[PDB]
Amino acid sequence: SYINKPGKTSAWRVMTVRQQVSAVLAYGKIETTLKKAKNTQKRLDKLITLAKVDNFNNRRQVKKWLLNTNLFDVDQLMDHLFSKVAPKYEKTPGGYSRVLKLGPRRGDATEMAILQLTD
Amino acid sequence: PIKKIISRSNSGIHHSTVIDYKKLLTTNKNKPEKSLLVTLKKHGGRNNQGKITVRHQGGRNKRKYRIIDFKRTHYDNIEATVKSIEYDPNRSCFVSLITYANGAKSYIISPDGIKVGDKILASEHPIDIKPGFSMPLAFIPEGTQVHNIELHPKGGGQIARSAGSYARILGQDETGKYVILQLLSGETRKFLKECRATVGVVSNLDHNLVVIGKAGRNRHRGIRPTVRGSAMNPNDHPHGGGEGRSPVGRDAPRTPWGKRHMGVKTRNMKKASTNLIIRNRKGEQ
Amino acid sequence: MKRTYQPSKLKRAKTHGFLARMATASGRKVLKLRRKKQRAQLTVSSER
Amino acid sequence: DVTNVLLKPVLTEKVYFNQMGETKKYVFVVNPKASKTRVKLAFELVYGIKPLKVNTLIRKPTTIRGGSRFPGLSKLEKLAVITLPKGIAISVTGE
RNA sequence: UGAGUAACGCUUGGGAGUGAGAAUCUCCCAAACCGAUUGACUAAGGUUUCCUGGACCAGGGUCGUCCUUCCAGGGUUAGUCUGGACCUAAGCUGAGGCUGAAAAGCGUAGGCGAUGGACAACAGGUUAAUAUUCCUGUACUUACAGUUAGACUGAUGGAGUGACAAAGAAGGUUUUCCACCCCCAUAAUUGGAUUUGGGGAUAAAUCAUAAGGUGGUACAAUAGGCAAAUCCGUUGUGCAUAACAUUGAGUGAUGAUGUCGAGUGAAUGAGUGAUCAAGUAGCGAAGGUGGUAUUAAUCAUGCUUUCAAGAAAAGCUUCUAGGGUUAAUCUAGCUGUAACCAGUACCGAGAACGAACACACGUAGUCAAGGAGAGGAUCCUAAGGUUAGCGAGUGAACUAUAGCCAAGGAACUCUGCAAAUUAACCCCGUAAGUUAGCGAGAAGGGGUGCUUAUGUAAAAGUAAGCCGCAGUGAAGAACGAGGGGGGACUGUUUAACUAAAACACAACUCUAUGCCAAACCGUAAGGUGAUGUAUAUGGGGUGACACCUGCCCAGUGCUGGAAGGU
RNA sequence: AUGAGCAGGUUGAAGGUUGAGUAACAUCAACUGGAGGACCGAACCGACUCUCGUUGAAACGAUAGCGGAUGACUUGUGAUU
Ligand SMILES: [Mg+2]
Ligand SMILES: [Mg+2]
Ligand SMILES: [Mg+2]
Ligand SMILES: [Mg+2]
Ligand SMILES: [Mg+2]
Ligand SMILES: [Mg+2]
Ligand SMILES: [Mg+2]
Ligand SMILES: [Mg+2]
Ligand SMILES: [Mg+2]
Ligand SMILES: [Mg+2]
Ligand SMILES: [Mg+2]
Ligand SMILES: [Mg+2]
Ligand SMILES: [Mg+2]
Ligand SMILES: [Mg+2]
Ligand SMILES: [Mg+2]
Ligand SMILES: [Mg+2]
Ligand SMILES: [Mg+2]
Ligand SMILES: [Mg+2]
Ligand SMILES: [Mg+2]
Ligand SMILES: [Mg+2]
Ligand SMILES: [Mg+2]
Ligand SMILES: [Mg+2]
Ligand SMILES: [Mg+2]
Ligand SMILES: [Mg+2]
Ligand SMILES: [Mg+2]
Ligand SMILES: [Mg+2]
Ligand SMILES: [Mg+2]
Ligand SMILES: [Mg+2]
Ligand SMILES: [Mg+2]
Ligand SMILES: [Mg+2]
Ligand SMILES: [Mg+2]
Ligand SMILES: [Mg+2]
Ligand SMILES: [Mg+2]
Ligand SMILES: [Mg+2]
Ligand SMILES: [Mg+2]
Ligand SMILES: [Mg+2]
Ligand SMILES: [Mg+2]
Ligand SMILES: [Mg+2]
Ligand SMILES: [Mg+2]
Ligand SMILES: [Mg+2]
Ligand SMILES: [Mg+2]
Ligand SMILES: [Mg+2]
Ligand SMILES: [Mg+2]
Ligand SMILES: [Mg+2]
Ligand SMILES: [Mg+2]
Ligand SMILES: [Mg+2]
Ligand SMILES: [Mg+2]
Ligand SMILES: [Mg+2]
Ligand SMILES: [Mg+2]
Ligand SMILES: [Mg+2]
Ligand SMILES: [Mg+2]
Ligand SMILES: [Mg+2]
Ligand SMILES: [Mg+2]
Ligand SMILES: [Mg+2]
Ligand SMILES: [Mg+2]
Numbered sequence: 002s003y004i005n006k007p008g009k010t011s012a013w014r015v016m017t018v019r020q021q022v023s024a025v026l027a028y029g030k031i032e033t034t035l036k037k038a039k040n041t042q043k044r045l046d047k048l049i050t051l052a053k054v055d056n057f058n059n060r061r062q063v064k065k066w067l068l069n070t071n072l073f074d075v076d077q078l079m080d081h082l083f084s085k086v087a088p089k090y091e092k093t094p095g096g097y098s099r100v101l102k103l104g105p106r107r108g109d110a111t112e113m114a115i116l117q118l119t120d
Numbered sequence: 002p003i004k005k006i007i008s009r010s011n012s013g014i015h016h017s018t019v020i021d022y023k024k025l026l027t028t029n030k031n032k033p034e035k036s037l038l039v040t041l042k043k044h045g046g047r048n049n050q051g052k053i054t055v056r057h058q059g060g061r062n063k064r065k066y067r068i069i070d071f072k073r074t075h076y077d078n079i080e081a082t083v084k085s086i087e088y089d090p091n092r093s094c095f096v097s098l099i100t101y102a103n104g105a106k107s108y109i110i111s112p113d114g115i116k117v118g119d120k121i122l123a124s125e126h127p128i129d130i131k132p133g134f135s136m137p138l139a140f141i142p143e144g145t146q147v148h149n150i151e152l153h154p155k156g157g158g159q160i161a162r163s164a165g166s167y168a169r170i171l172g173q174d175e176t177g178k179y180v181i182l183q184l185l186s187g188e189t190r191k192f193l194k195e196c197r198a199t200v201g202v203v204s205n206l207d208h209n210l211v212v213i214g215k216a217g218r219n220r221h222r223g224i225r226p227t228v229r230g231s232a233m234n235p236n237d238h239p240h241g242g243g244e245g246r247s248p249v250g251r252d253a254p255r256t257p258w259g260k261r262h263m264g265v266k267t268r269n270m271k272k273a274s275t276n277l278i279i280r281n282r283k284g285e286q
Numbered sequence: 001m002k003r004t005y006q007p008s009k010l011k012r013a014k015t016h017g018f019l020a021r022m023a024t025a026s027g028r029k030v031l032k033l034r035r036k037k038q039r040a041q042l043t044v045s046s047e048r
Numbered sequence: 002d003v004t005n006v007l008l009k010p011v012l013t014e015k016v017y018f019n020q021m022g023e024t025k026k027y028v029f030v031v032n033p034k035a036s037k038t039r040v041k042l043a044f045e046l047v048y049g050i051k052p053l054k055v056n057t058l059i060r061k062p063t064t065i066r067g068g069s070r071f072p073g074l075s076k077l078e079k080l081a082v083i084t085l086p087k088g089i090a091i092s093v094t095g096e
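Chains as they are written, first to last, in full-length UniProt numbering: chain A, 2 to 120; chain B, 2 to 286; chain C, 1 to 48; chain D, 2 to 96.
Shown next as structure tokens:
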């Protein structure tokens with residue numbers, strides 16, 4: 002069998018995590034598959050804890066992950082993260098995000114999951 | 002004369018040779034006279050039924066026929082002047098654009114040895130023994146070269162029209178007609194007294210020594226590949242079949258259509274022209 | 001690949017058309033037989 | 002002359018778009034065998050105002066009610082677009 | 001039954017909304033591929049598949065509120081575009097006529113037949129769907145009538161032009177491009193910012209000017225051009241660094257107080273709001289200077305060389321014939337009238353065509369962006385376009401595709417099959433043999449990055465310095481040597497198991513053929529050979545080039561032969 | 001029969017001009033010229049090899065290599081056996 006689809010490549014996986022983490026930082030909730038939420042959670046927590054010092058080095062580190070969204074750009078997401086979201090989690094020992102399971106999809110029966118910022 | 006071609010293309014080696022066309026032709030350019038120019042339709046070796054009739058013919062380049070005055074009888078008693086020796090793609094011999102005194106133009110088969118400005122004149126009296134002059138065969142002294150011989154009286158030139166072709170006069174007959182003509186291939190014929198012919202040898206005497214160097218040149222000339230009979234199937238040719246390279250196998254070689262064809266004579270002896278032949282390249286009659 | 005049938009509005013009409021069939025005795029006989037079978041599409045002319 | 006080459010006027014969005022703004026353009030359906038000159042003569046003999054120019058459309062027949070138990074073809078239409086001069090606008094109904 | 005098994009035929013995430021129901025529908029933001037193409041214009045074909053609204057019987061390899069599916073309505077505008085009313089090529093038809101048991105075959109005059117020739121329109125705007133067609137602006141062409149002025153008008157016929165091959169290289173002018181300048185928006189909290197990004201346009205037609213290109217110019221005689229000729233052809237004379245005739249890309253002025261234009265950007269109304277409305281209507285600045293040792297287009301149906309010697313007719317010009325003379329016709333101007341028929345939608349193809357399939361196949365031509373690059377190669381993107389019409393998991397055996405593999409390096413195997421090495425540019429160097437052309441990119445080696453300076457029109461290069469394990473740092477680029485067999489070579493061949501030593505090829509030889517030629521298609525007419533003429537044609541065999549080709553005429557075949565026998 | 005197509009880059013024949021040379025030829029050197037069934041290599045044409053597929057995506061293809069690529073070339077339309 003040949004002329005197969007490109008597939009879930011490593012580059013595709015990193016881009017998927019980038020898109021979901023940018024969206025979850027912009028809006029605050031993501032309705033995805035459970036196995037994708039359980040992988041985006043790691044990057045979400047890592048970004049939030051590194052964005053707690055608000056130095057230019059940390060901006061350069063975060064910019065390798067953030068992507069443009071509808072509600073914010075790549076530069077206004079920076080202001081939202083470093084001034085609104087991250088300062089809230091200033092003394093929380095990890096676990097800023099929660100993943101909970103919704104029902105199965107009508108056309109796939111895969112287990113959905115909502116990823117949210119735990120206040 | 003001939004001139005060699007040095008290809009220096011490193012795909013095989015071919016010592017190709019071509020006619021010079023520089024010291025033999027007046028102008029190297031191709032400027033035929035428009036008036037006497039009709040286009041030729043390539044039959045491709047196919048008859049009116051569309052079926053291949055003469056094999057190995059097809060694929061020549063586009064040509065335009067130049068009207069040639071083989072009869073040379075309309076403008077008799079009128080002096081003509083050669084203006085240019087040109088190349089005719091439909092015949093091996095060069096053609097001369099001659100002009101008559103009244104201003105008419107025509108194309109004739111160019112005799113060898115004539116140059117631009119040589120006067121020509123045809124009629125039915127002695128005239129003069131000059132190259133290109135066309136007179137009836139009765140008044141030509143025996144021994145001179147003659148070409149463009151006319152078979153049927155009042156007709157056009159039919160014999161000795163190719164490049165370097167000529168015929169010799171060998172006296173007369175006691176009948177009062179049928180002047181003797183020794184032609185090429187060592188054949189002796191009896192041509193009628195009133196028959197008209199032109200003296201001189203046809204030009205382009207070195208057309209024998211031209212050497213083709215490539216398949217493409219012969220293909221462009223209008224010759225298709227000829228397949229030998231030994232390579233054929235047992236159908237479509239008598240010399241086919243076999244298991245490996247096989248000999249003729251039969252008692253004699255055969256045509257594709259199955260006749261002996263080898264050494265057998267294929268002339269219809271019950272012809273009115275048989276009595277006018279003295280020798281047939283081998284013996285009497 | 002180049003398949004056998006390459007459609008052409010002219011070749012079809014000039015080969016199997018009504019005028020082509022009505023030019024020889026064989027074509028007239030074919031048309032007579034098709035009338036006997038009462039074919040709605042007598043020739044390729046009546047495409048629509 | 003006989004005036005059987007003016008079958009039916011037609012009113013669509015395109016027709017009403019043209020039928021406003023100084024010069025009016027009236028679209029009728031005509032005999033498919035009729036020519037432009039016959040159309041101008043018919044308008045002369047039945048309306049009275051010389052057309053400025055005439056344009057013609059041929060709409061090919063096509064299959065209709067496809068998949069229905071008995072399918073049927075369309076009817077051949079020739080459309081004519083008459084345009085009267087500036088400032089004149091006659092009514093298609095009412096004579 | 002196999003069996004709820006194989007398969008579902010190359011493309012992701014999220015937010016909002018509709019809906020009874022959404023991974024699949026709509027919008028938005030990204031993301032990933034195409035970008036000498038999955039982009040845009042059309043020929044052929046397809047024949048309504050095009051636009052709007054509605055529906056989810058059936059079809060869509062899943063789903064579906066959605067579809068190239070179904071229902072209802074609507075959509076294709078020409079004096080100038082593509083073809084007829086114009087002309088012919090191959091070829092077809094073909095009154096008479098020829099040939100033939102019949103049907104029919106051949107064929108003359110005529111008539112058809114484009115893939116060719118001749119012929120008058122460009123720019124912008126507009127609808128959901130059409131636009132050199134509708135609208136605006138500015139033009140052109142052909143007919144008919146009246147009129148004014150001038151002129152003798154001159155074809156169904158003659159002549160000229162139309163009218164032409166392949167390859168190659170120079171010029172002229174516009175360009176591409178470069179530099180400057182003008183105009184618009186921008187001034188940036190992540191360390192420094194004194195900048196960053198974008199645009200700089202106008203056609204057909206009319207008038208004037210045209211770089212040049214092509215070919216000698218007038219006068220006089222004529223017996224030739226199915227009659228005639230003042231035209232053509234031919235022959236003389238004069239002048240011929242030029243004149244005369246014809247043609248000609250470009251330039252300037254009107255066309256243009258117009259149009260387009262980067263950008264700016266509503267109102268009105270829908271809606272709960274945002275948003276739509278729409279980034280729509282409207283507004284809309286600059287709209288230029290110089291160079292070029294870089295580019296492509298045109299002049300160009302121009303020029304040179306070579307042999308394989310390179311369409312016809314219409315049309316245009318001209319000539320008399322023939323018709324006028326108290327006229328007709330033509331030319332130029334003005335006024336008015338008219339310009340017919342068919343096509344015009346959409347697709348033009350990893351979903352509309354040919355392949356039965358929304359099939360990894362095939363299908364003429366035209367436009368061709370930037371960086372590096374010889375390049376339309378290669379990598380990444382621009383204008384633009386798509387979401388490969390089943391998904392989500394897991395990362396067992398096993399399979400396909402890739403990547404890598406320490407030491408050895410063909411020990412593997414029928415065989416180095418396959419894979420691997422080399423690869424671009426520049427600088428050195430290059431043997432045996434040879435038909436002196438080649439071998440040859442032989443073999444074998446070296447350098448490539450960045451900065452400064454010198455070099456140039458630009459370079460290339462040169463000198464010094466710096467960094468890395470590595471510098472055409474990634475993509476795309478030949479592995480080589482030696483001996484032998486066959487075929488000289490370039491080529492052709494068994495569509496779909498054999499591409500080869502087979503076929504062909506240039507060359508050699510034999511044989512037949514004197515023209516109503518031999519040979520060949522048919523039954524014959526007719527035709528090919530050939531509008532050719534022994535330096536030509538047909539057939540058999542061999543297959544560059546070099547050296548050779550020996551003996552046998554008993555049998556067979558072929559040619560000739562006196563008589564004699566049958 | 002009538003049209004169209006072959007990105008780009010190399011090699012540098014015949015011939016001609018000039019000079020030396022020859023009693024005059026021959027010959028040699030420089031320049032010009034741009035030929036080749038020439039060379040490398042895209043579109044284009046073809047199909048030599050491995051693997052995959054063999055109830056296929058496909059009643060003959062896919063990926064990776066491969067041969068020709070100005071000519072005995074390729075191809076569109078029309079006619080014909
Ligand atoms: Mg990658
Ligand atoms: Mg002619
Ligand atoms: Mg032959
Ligand atoms: Mg021959
Ligand atoms: Mg065989
Ligand atoms: Mg036999
Ligand atoms: Mg045999
Ligand atoms: Mg044997
Ligand atoms: Mg129309
Ligand atoms: Mg069963
Ligand atoms: Mg079952
Ligand atoms: Mg089982
Ligand atoms: Mg299983
Ligand atoms: Mg499965
Ligand atoms: Mg699929
Ligand atoms: Mg998918
Ligand atoms: Mg890309
Ligand atoms: Mg396309
Ligand atoms: Mg339909
Ligand atoms: Mg639609
Ligand atoms: Mg709908
Ligand atoms: Mg379904
Ligand atoms: Mg118009
Ligand atoms: Mg016609
Ligand atoms: Mg045409
Ligand atoms: Mg459209
Ligand atoms: Mg800063
Ligand atoms: Mg006369
Ligand atoms: Mg269209
Ligand atoms: Mg395709
Ligand atoms: Mg199809
Ligand atoms: Mg598909
Ligand atoms: Mg195409
Ligand atoms: Mg490019
Ligand atoms: Mg590419
Ligand atoms: Mg490695
Ligand atoms: Mg490694
Ligand atoms: Mg190893
Ligand atoms: Mg080793
Ligand atoms: Mg071994
Ligand atoms: Mg072993
Ligand atoms: Mg190999
Ligand atoms: Mg070697
Ligand atoms: Mg040996
Ligand atoms: Mg070979
Ligand atoms: Mg070969
Ligand atoms: Mg085969
Ligand atoms: Mg094969
Ligand atoms: Mg005969
Ligand atoms: Mg003939
Ligand atoms: Mg042989
Ligand atoms: Mg041999
Ligand atoms: Mg004997
Ligand atoms: Mg005998
Ligand atoms: Mg070649």
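Ideal Cβ placement from N, Cα and C applies to all residues, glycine included.
Closest Cα partner of residue i within the set the options
{"i": "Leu38/B", "options": "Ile68/B, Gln173/B, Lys283/B, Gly241/B", "result": "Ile68/B"}
{"i": "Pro62/D", "options": "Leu77/D, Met21/D, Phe71/D, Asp2/D", "result": "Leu77/D"}
{"i": "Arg225/B", "options": "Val55/B, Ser186/B, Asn103/B", "result": "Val55/B"}
Secondary structure of residue i, DSSP reduced to three states
{"i": "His148/B", "result": "strand"}
{"i": "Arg280/B", "result": "strand"}
{"i": "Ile31/A", "result": "strand"}
{"i": "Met136/B", "result": "strand"}
{"i": "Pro88/A", "result": "helix"}
{"i": "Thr43/C", "result": "coil"}
{"i": "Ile53/B", "result": "strand"}
{"i": "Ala35/D", "result": "coil"}
Residue i to residue j span [Cα, whole Å]
{"i": "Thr275/B", "j": "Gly242/B", "result": "42 Å"}
At a cut of 8 Å, does the segment 44 to 64 of chain D reach the segment 33 to 47 of chain C through at least three beta carbon pairs?
The segment 44 to 64 of chain D vs the segment 33 to 47 of chain C: no contact.
Answer yes if the segment 6 to 14 of chain B comes into contact with the segment 57 to 73 of chain B, meaning at least three C-beta pairs across the two stretches below 8 Å, and no otherwise.
No, they do not touch.
Are three or more beta carbon pairs between the segment 101 to 115 of chain B and the segment 173 to 182 of chain B nearer than 8 Å?
Touching, no.
Closer than 8 Å is the cut-off here; do at least three beta carbon pairs connect the segment 28 to 47 of chain D with the segment 4 to 11 of chain D?
Contact between the segment 28 to 47 of chain D and the segment 4 to 11 of chain D is established, with three or more Cβ pairs separated by less than 8 Å.
What runs of the alpha helix (DSSP H), each 4 residues or longer, lie entirely inside the segment 193 to 249 of chain B?
Along the length of the segment 193 to 249 of chain B, whole alpha helix (DSSP H) runs at least 4 residues long occupy 216 to 222, reported in chain order.
Answer yes if the segment 4 to 21 of chain A comes into contact with the segment 82 to 93 of chain A, meaning at least three C-beta pairs across the two stretches below 8 Å, and no otherwise.
For the pair of segments examined, the segment 82 to 93 of chain A was found not to touch the segment 4 to 21 of chain A: the number of CB pairs separated by less than 8 Å stays below three.
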